[PDB]
Every structure is written in structure tokens, then in C-alpha cells.
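**Q** Okay, handing you the structure first.
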Amino acid sequence: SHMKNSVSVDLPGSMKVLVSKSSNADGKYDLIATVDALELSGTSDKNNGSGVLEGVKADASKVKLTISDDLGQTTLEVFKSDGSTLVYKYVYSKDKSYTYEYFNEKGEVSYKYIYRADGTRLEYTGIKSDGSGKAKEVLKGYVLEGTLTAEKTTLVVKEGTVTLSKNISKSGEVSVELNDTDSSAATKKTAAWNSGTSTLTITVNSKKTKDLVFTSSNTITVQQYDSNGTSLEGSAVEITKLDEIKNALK
């Protein structure tokens, strides 16, 4: 793309926009960019690169790029020729976090990919009209699997008669629970969640055995209690594979 008497500005998602050095008789600035092979254009009351740019594809699809007033976010929408039914949509921030969505012929979401600033990911596949679907969380060393519903995301790990469930609410709040179908007092596992420290403490035969901590870095650590069940010993150790979570549930 080209523009007489202009300045190039770098944006989130490794995008670029050209903006005029000075305003026209109506006090406005001209904008131009090329995105995924198509030229978009617009005008703005501001001089920094922010505003709305639009274009139209060969197949009649309508494309719209919105650059936030402080340059911290970009949104790219592709609609049907009606200008309202979404085909796909993606959003980048200056910290490198990013979300991509695809839609069915009715304009309802069917797939969603989320990349967090720390490099971990959430992936939702086969999303239905009722809001349900398959869910996967991709961490450093291993992947967790489960389901999406209208209320929340639930990731599940099973070992023998024990089931561990990691819940994530609409707003990203994490809580964890454990249930064991074993009847014997000698071997049945139970647990207590502390929301104030993001920690699950496991008990067997009335005594504390270990602490599993669910950290702000999206990792899990394990640490054992002494043989009396009184104090933690050694140092906490970071989990690196799924089999090590299963080991902790034995």
C-alpha cells in the first residue's frame, strides 16, 4: 500500500498502517493498510493511527479493521455480504495475547483458540448451538482434557477410583475438587480446597499427606507432609507430565 505525504505506524499482531502527516479541509486524517492480502481504507478525527478501515473481497465478503484509540488492540472481522453474519474474527493485544473464532452458516461460534501472554493455550472444538463442546488446556510439558458448557470449563484427570476436576469460570477463576468411590478407611482419599491460596490438601486415614498448588503462572506443584501429618518437608516440585499428576492421586 502507498500514500502521498504519510507516516508508517507499527501495531499489535505485527500489522502496519499509513496515516497522513496533516489533516484535510474538514479536519480529518486518511488511513490505509494491507491485511491478509487485501487493501483497506478509512478516515479518522485522530492523528496517531487509530480508527476504522474497510474493504470488500472478490466473493462479496465484507472486511473491517478496528484500531483502538491508544493503539493497544486490533480487531479484524469478516462478515457475509449482509454485513452482520460473522464468518471469522480475530483480536490481538500489545502483550501478544490473541483469540481466533470461526462461525457456522447461521453465524454461531463453532471453534475458538486462545493464546495467553505466558504461551499457554485453551482450545474449544465442535462447539454446538447449545453452547457445549470439547475443551483442551495446553501447558508446559503436558495437556489436560475435558468439556465446555453454558456455565463453565471442566478439565478431568482419573486414576483408579479417584477423579480430580479443575473448573474455570466465565471470568477465569480456578477452583478444584476430588472424589473417591473407595469404601475402605485404610485407603480412601478425600481433600479440602483453600480459595485464598489456590491449594488442594489431600487426607488419608484422618491425616494430611500432600499439598497441590495451582499457580498464577498456570503450573502445578506438589509437596509432601512428614510421617506424623504435621509439617511440610523438603521443597515443592513442579509437575512436568500427566503421569506425575496420576502418581499424586495413588
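Counting from 1, position 55 in the sequence shown corresponds to residue 78 in PDB author numbering; the numbering is continuous, with no gaps.
Idealized CB from N, CA, C, for every residue including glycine.
Taking DSSP as the reference, what is the three-state secondary structure of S29?
**A** Correct three-state label for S29: strand.
**Q** For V58, which of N71, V101, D82, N70 has the nearest alpha-carbon?
**A** Selected option, being the one with the closest Cα: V101.
**Q** What's the C-alpha gap between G36 and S207?
**A** Whole-angstrom Cα-Cα distance: 56 Å.
**Q** Keeping to the same chain, check which residues put their C-beta closer than 8 Å to that of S155; ignore five residues upstream and five downstream.
**A** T170, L171, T172, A173, listed in sequence order.
**Q** Thinking C-alpha only, which one of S192, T204, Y138, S84 is nearest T108?
**A** The shortest C-alpha separation from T108 is found at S84.
**Q** Thinking just about the alpha-carbon of each residue, which of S31, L61, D68 is nearest to the one in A48?
**A** With distances taken between Cα atoms, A48 lies closest to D68.
**Q** Taking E128 as the reference, give the member of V179, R144, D105 with the closest Cα.
**A** Nearest C-alpha to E128: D105.
**Q** In the DSSP assignment, what are the bridge partners of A214?
**A** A214 pairs with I225.
**Q** One question on the structure: do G78 and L63 come within less than 9 Å of each other, judged by their Cβ atoms?
**A** Yes, the Cβ-Cβ distance between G78 and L63 is below 9 Å.
**Q** Is it right to say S250 is buried, meaning 16 or more other beta carbons lie within 10 angstroms of its own, or is it exposed?
**A** Classification of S250: exposed, given that the 10 Å Cβ count is below 16.
**Q** I think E131 touches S152, with their Cβ atoms under 8 Å apart; what is that distance to the nearest whole Å?
**A** Right, their Cβ atoms sit about 6 Å apart.
**Q** By the three-class DSSP mapping on this structure, what secondary structure does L265 have?
**A** Helix at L265.
**Q** How is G154 classed by DSSP in three states: helix, strand or coil?
**A** It is coil, neither helix nor strand.
**Q** Curious, which full-length beta strand (DSSP E) runs of at least 3 residues does the region 86–154 contain?
**A** DSSP runs (the beta strand (DSSP E)) wholly in the region 86–154: 96–102, 109–116, 121–126, 132–138, 144–148.
**Q** When we look at the beta-carbon of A158 and count the other beta-carbons within 10 Å, is it buried (16 or more) or exposed?
**A** Looking at its Cβ environment, which holds 16 or more other Cβ atoms inside 10 Å, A158 is buried.
**Q** Work out the CA separation of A56 and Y121 for me, nearest whole Å.
**A** C-alpha separation (whole angstroms): 20 Å.
**Q** Keeping to the same chain, check which residues put their C-beta closer than 8 Å to that of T220; ignore five residues upstream and five downstream.
**A** Only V236 meet the Cβ criterion.
**Q** Indicate whether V114 and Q96 have their beta-carbon atoms separated by less than 9 Å.
**A** The answer is yes: Cβ separation under 9 Å.
**Q** Alpha carbon to alpha carbon, how far is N241 from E182? Give it in angstroms, no decimals.
**A** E182 and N241: Cα-Cα distance of roughly 22 Å.
**Q** Under 6 Å Cβ to Cβ from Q246, same chain only, skipping five residues before and after it: list those, please.
**A** Closer than 6 Å at Cβ, skipping near neighbours: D234, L255, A259.
**Q** Could you give the DSSP three-state label for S67: helix, strand or coil?
**A** Three-state DSSP puts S67 in a strand.
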